[PDB]
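Quick reminder, even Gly has a Cβ in these numbers, built from the backbone with ideal geometry, and neighbours come from all protein chains shown. What is reported rests on the model, the rules as stated and the sources as named; nothing here is a laboratory result.
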2 protein chains.
Amino acid sequence: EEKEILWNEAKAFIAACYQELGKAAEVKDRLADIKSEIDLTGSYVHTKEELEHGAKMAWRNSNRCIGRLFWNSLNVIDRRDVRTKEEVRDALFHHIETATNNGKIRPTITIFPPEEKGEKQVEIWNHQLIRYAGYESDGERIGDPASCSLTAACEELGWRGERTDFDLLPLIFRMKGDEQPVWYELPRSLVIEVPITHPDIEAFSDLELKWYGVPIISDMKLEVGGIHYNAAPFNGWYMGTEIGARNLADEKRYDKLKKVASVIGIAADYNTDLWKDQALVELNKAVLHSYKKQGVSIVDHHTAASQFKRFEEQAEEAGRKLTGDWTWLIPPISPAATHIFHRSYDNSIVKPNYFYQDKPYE
Amino acid sequence: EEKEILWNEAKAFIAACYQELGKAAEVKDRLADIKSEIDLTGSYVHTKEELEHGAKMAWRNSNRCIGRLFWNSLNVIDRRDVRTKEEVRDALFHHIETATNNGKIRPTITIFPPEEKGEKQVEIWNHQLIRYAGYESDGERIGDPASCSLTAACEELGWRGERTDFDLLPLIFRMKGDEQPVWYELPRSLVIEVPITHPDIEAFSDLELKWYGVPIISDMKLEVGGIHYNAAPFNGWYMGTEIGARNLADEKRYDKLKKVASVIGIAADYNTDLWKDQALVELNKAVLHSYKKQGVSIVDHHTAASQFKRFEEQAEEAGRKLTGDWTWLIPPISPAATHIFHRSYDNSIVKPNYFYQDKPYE
Ligand code: HEM
Ligand code: HEM
Ligand SMILES: N=C(Nc1cccc(COC[C@@H](CN)OCc2cccc(/N=C(/N)c3cccs3)c2)c1)c1cccs1
Ligand SMILES: N=C(Nc1cccc(COC[C@@H](CN)OCc2cccc(/N=C(/N)c3cccs3)c2)c1)c1cccs1
Ligand SMILES: C[C@H](O)[C@H](O)[C@H]1CNc2nc(N)[nH]c(=O)c2N1
Ligand SMILES: C[C@H](O)[C@H](O)[C@H]1CNc2nc(N)[nH]c(=O)c2N1
Ligand SMILES: [Cl-]
Ligand SMILES: [Cl-]
């Protein structure tokens, strides 16, 4: 059954991929080679063209992503050649540097060796390559609560956080054959952070908020033609609401709305005053302003939905079925001000795609 | 098949209804009577208790409604006795008066004779008993675009609107046996309207916005135990976002955000300024303020979600399955500031319930 799933997925992917690449005539001979390779080795190896286009197709198929207009300009870095933890670390350091690109963010994915017998070659523990630690003990909450369990796991491995609200977690990953992951501190010169200030309200800096420039998701599995790339960190740029309406706002994250209300000079006493809504708008204006001022890429939710509409039109004109998750595509502020809110989307799963996988800790 | 559907639906409803009413022992004899009645007449007649509780269950089962905490205090008016259009008109006038209750809105439903052979006894054309007309011709848009087709149909029946932005549509309904509906102008003394002003920004009244106090949905079918009450207008009070984030804001409704931006003194030039979001917040603060100032019931989305959470807890403690439509329950502004956004809901259809039915015009 193993190899059968593999061969069926391989067939569908190659045919589709080669169609899109105008390599339709080469499908027959390539599939034959693959059939042998699977027969003899239990798996097959993607060409650089297949791997690159596969990762792009996977992005294009991500139902929850509003940023898909730009799927075809994804920068694919092939690191299937890595064998050592020093090589993995340096590849992750490099991904951060080249994706950051001095603020002009380049959507990038680095692809490590794939699973074999469902056996991982490289196992990344980080949720994102750059993320803040979280601590909770005896009433005392510090940092990002979403990072509490990973932070606790790192502190089992000999690492110790400073316990500021913005400790950078180290890279943490395990190699096949090793019982424990290794950890490496991020060189701070590689990490761009943005202090949050407001265009009009000088007091806003009293909150001493900041966020990191580049979200690099490092815990999802990229699946291409039956091959499971469990280690394939990718990044785009932020949509501002992710930071302003969720990471800094959620009660189970940084929970800053009451403090925002105070510094913008409004009462946080009555639901009917819509103080949370107003705080959310000003915090979100501040985030966009700050990223712009710092020269770091970011998109607002209005422009992002406008781009997503173009992606819908592109799919229709290319004759491709469009899939999407309405519940994730709508932005968490003013969703009815976007076209997304007013239509529906088929949430069918199409491969290649990115998938959740079980955490190696907890 | 007709009567079979009826008998099966009747059985399920009576058993459930009588359970809830502690009338469990009376189920057997009541179902026997019903079986005879269906056998002989092709239908059955609800007791006043059944009808009242049925309408309440139908509200409780409305997946899209955030206001369901209060399902058991619904005021049910039984007008199955009506036979003439004067009686229907006076019943609708009365519903408006008693539901309005001088501003202290009473959730009410008036129930007219049900369908027979799928044959309507009373056919209501209005979407809501109180609603503004809409006109569109030669570039010129006036009033509420959502009312354009009904307005056009009324003007086929001898009625003529003043063509202000807030013309009250007349009541319009058809009696069984009549080929055309009749129309009646609403007595203005019955209709409370609220001028929209802002608590802090005096210029806001320059927009000359207003809305009506009581939304009374008059085009949905109430289904109870296999009986189809196609004419059963109901009302609650508004959640403020319905007026501020949708009726006055949508581009295909009153489309007021650019004018809001201007009167609150902000530019409407850059997406990154979040001017639409800020305009939405101030317009929504204004709506809540104005309804409160006028002594007309309204709820903000934060309080409404807080009430809905209690409804969820009530269902769990009563041992009832909770059903809901996440896509409708989330408010159209700051949805992630409500608990609703962060959980999921089973969207299964449970009866009794309210259902869409085909419009009698267009
Ligand atoms: C170019 C800039 C991009 C923007 C602005 C963007 C925007 C977003 C946003 C706002 C989300 C929702 C995240 C959340 O609410 O937590 C999302 C989800 C997602 N994006 Fe994108 N994205 C971009 C690029 C990419 C790239 C380069 C990939 C992969 C190659 C990708 C794949 C995904 C996936 C898989 C999800 C779903 C995550 C999940 O289910 O947990 N996106 N995107
Ligand atoms: C007591 C105050 C009430 C509030 C604040 C409330 C709130 C709401 C809101 C905000 C919606 C969504 C409407 C939209 O977006 O267009 C809704 C939908 C609904 N409500 Fe309620 N509601 C209330 C009372 C009632 C009552 C009394 C009934 C019936 C007896 C009812 C039945 C429904 C139904 C059927 C829908 C769905 C309409 C559709 O699918 O088009 N609600 N409610
Ligand atoms: N939900 C489960 N697991 C799970 C638990 C907690 C968290 C998560 C994953 O969180 C998804 C989101 C958080 N909203 O992750 C952040 C994210 C994902 C994708 C894009 C994001 N933003 C961006 N702009 C980008 C990053 C990289 C490229 S673009 C940001 C998953 C399950 C439980 C049981 C079965 S599945
Ligand atoms: N959608 C269809 N029909 C359709 C077309 C246009 C409009 C509609 C119905 O609109 C539903 C909404 C508009 N958002 O109606 C307003 C509404 C409904 C329910 C509650 C509302 N607000 C309230 N607070 C209340 C009113 C009465 C009691 S509470 C307000 C239905 C279909 C097309 C094909 C199959 S179904
Ligand atoms: C397509 C989508 O279902 C549609 O825009 C819905 C979204 N959620 C909604 N929710 C409410 N309360 N009212 C609405 O009219 C809508 N519109
Ligand atoms: C339960 C619900 O699906 C959950 O709260 C979702 C809603 N939509 C979302 N949409 C985005 N973009 N990100 C999220 O984390 C969530 N959370
Ligand atoms: Cl994030
Ligand atoms: Cl309405």
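Being surrounded by fewer than 18 Cβ atoms within 10 Å (Cβ to Cβ) and within 14 Å of ligand 3 (Cβ to nearest atom) is the filter here; which residues of the stretch A:308-341 pass it?
A:325, A:327, A:328
Checking residue A:268 against (1) crowded, with 19+ Cβ neighbours inside 10 Å; (2) within 12 Å of chain B (Cβ to nearest Cβ), which test does it fail?
Checking residue A:268 against (1) crowded, with 19+ Cβ neighbours inside 10 Å; (2) within 12 Å of chain B (Cβ to nearest Cβ), the one that fails is (1).
Which one of B:292, B:285, B:276 is buried (at least 17 other Cβ atoms within 10 Å of the Cβ), away from ligand 1 (no atom under 16 Å from the Cβ) and free of Cβ contacts under 8 Å to residues at least 24 places away in the same chain?
Checking each option against the conditions leaves just B:276.
So which residues in the stretch B:219-262 are more than 14 Å from every other protein chain (Cβ to nearest Cβ) and within 11 Å of ligand 4 (Cβ to nearest atom), if there are any at all?
Across the stretch B:219-262, the qualifying residues are B:219, B:220, B:233, B:234, B:235, B:236.
Out of the stretch B:327-338, which residues are within 9 Å of chain A (Cβ to nearest Cβ), polar (S, T, N, Q) and part of a loop (DSSP other than H, G, I, E, B)?
B:334
Scan A:105, A:77, A:96 and give me the residue that is in contact with a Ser or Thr (Cβ under 6 Å, 6 or more places away or on another chain), more than 17 Å from residue A:50 (Cβ to Cβ), surrounded by 14 or more Cβ atoms within 10 Å (Cβ to Cβ) and of a type outside the set (S, T, N, Q).
Testing whether each residue is in contact with a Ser or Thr (Cβ under 6 Å, 6 or more places away or on another chain), more than 17 Å from residue A:50 (Cβ to Cβ), surrounded by 14 or more Cβ atoms within 10 Å (Cβ to Cβ) and of a type outside the set (S, T, N, Q) leaves just A:105.
Looking only at strands (runs of 3 or more DSSP E) that fall completely inside the stretch B:210-260, which ones have 2 or more residues that are under 30 Å from residue B:176 (Cβ atoms) and more than 16 Å from ligand 8 (Cβ to nearest atom)?
Passing ranges, in order: B:221-224, B:227-229.
So which residues in the stretch A:290-326 are within 10 Å of another protein chain (Cβ to nearest Cβ) and in a loop (DSSP other than H, G, I, E, B), if there are any at all?
A:300
Which residue out of A:99, A:91 is away from ligand 1 (no atom under 16 Å from the Cβ), more than 14 Å from chain B (Cβ to nearest Cβ) and small (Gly, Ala, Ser)?
A:91
Quick grid of which residues meet (1) surrounded by 12 or more Cβ atoms within 10 Å (Cβ to Cβ); (2) in contact (Cβ under 8 Å) with a residue 60 or more places away in the chain; (3) part of a loop (DSSP other than H, G, I, E, B); (4) over 28 Å from the mean Cα position of the chain (by Cα):
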{"site": "B:14", "(1), (2), (3), (4)": "yes, yes, no, no"}
{"site": "B:22", "(1), (2), (3), (4)": "no, no, yes, yes"}
{"site": "B:29", "(1), (2), (3), (4)": "no, no, no, yes"}
{"site": "B:34", "(1), (2), (3), (4)": "yes, no, no, yes"}
{"site": "B:38", "(1), (2), (3), (4)": "yes, no, no, yes"}
{"site": "B:45", "(1), (2), (3), (4)": "yes, no, yes, no"}
{"site": "B:49", "(1), (2), (3), (4)": "yes, no, no, no"}
{"site": "B:52", "(1), (2), (3), (4)": "yes, no, no, no"}
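Taking residue A:347 as meeting all but one of (1) touching a residue at least 60 places away in the same chain (Cβ under 8 Å); (2) more than 18 Å from the chain's Cα centre (by Cα); (3) farther than 23 Å from residue A:55 by Cβ, write down the number of the exception.
Residue A:347 satisfies every listed condition except (3).
Does residue B:344 meet the test of being surrounded by fewer than 16 Cβ atoms within 10 Å (Cβ to Cβ), within 16 Å of ligand 3 (Cβ to nearest atom), outside the structural domain of residue B:226 (by CATH) and farther than 25 Å from residue B:249 by Cα?
When the stated conditions are applied, residue B:344 passes them.
Those residues that are of a type in the set (D, E, K, R) and part of a helix (DSSP H, G or I), I need them from the stretch A:266-288; list them, please.
Listed by number, the residues that qualify are A:273, A:276, A:277, A:282, A:285.
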